[PDB]
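In structure tokens, the next block holds one chain alone, the form deposited in one PDB entry.
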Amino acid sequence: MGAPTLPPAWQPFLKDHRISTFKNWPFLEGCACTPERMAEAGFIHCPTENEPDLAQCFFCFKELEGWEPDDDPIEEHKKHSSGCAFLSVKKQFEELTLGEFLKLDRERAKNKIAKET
């Protein structure tokens, strides 16, 4: 496996994790929607029953399908909504500050409620 020892709490927060979710995804090489390229924007593998080419984003929630070899993920989600406060974040897990880490927990839980109400 080769993965950290973090609980299910803030697992998705990890980059490797979001990338592991990607099983196949045709958009790999020669495309701006690669596993690591997309996961870096919050998008996590979540293909539907009929629409396998559907990549949704966590920490905000936003289903997006019909990608092409030239659709920046970070710009995609943000373009529709900046629900992901991590998009801008450019500091490794062990680089950012705790204060910023916890602050995220509030955002995630916040977005979840938005879905309902």
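Sequential numbering from 1, following the sequence displayed.
FYI, the form solved in complex with a partner chain isn't displayed, but the following is about it.
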Checklist line | Contact label in the entry with it bound: residue 58 to the partner chain, heavy atom within 4.5 Å | finding: no
Margin query: Is residue 64 near the partner chain? Define near as a heavy atom within 4.5 Å, in the entry with it bound.
Written below: yes
Check: Is residue 40 one of the residues lying within 4.5 Å of the partner chain in the entry with it bound, judged by heavy atom distances?
Finding: no
Margin query: in the entry with it bound, does residue 51 come within 4.5 Å of the partner chain, counting heavy atoms only?
Written below: yes
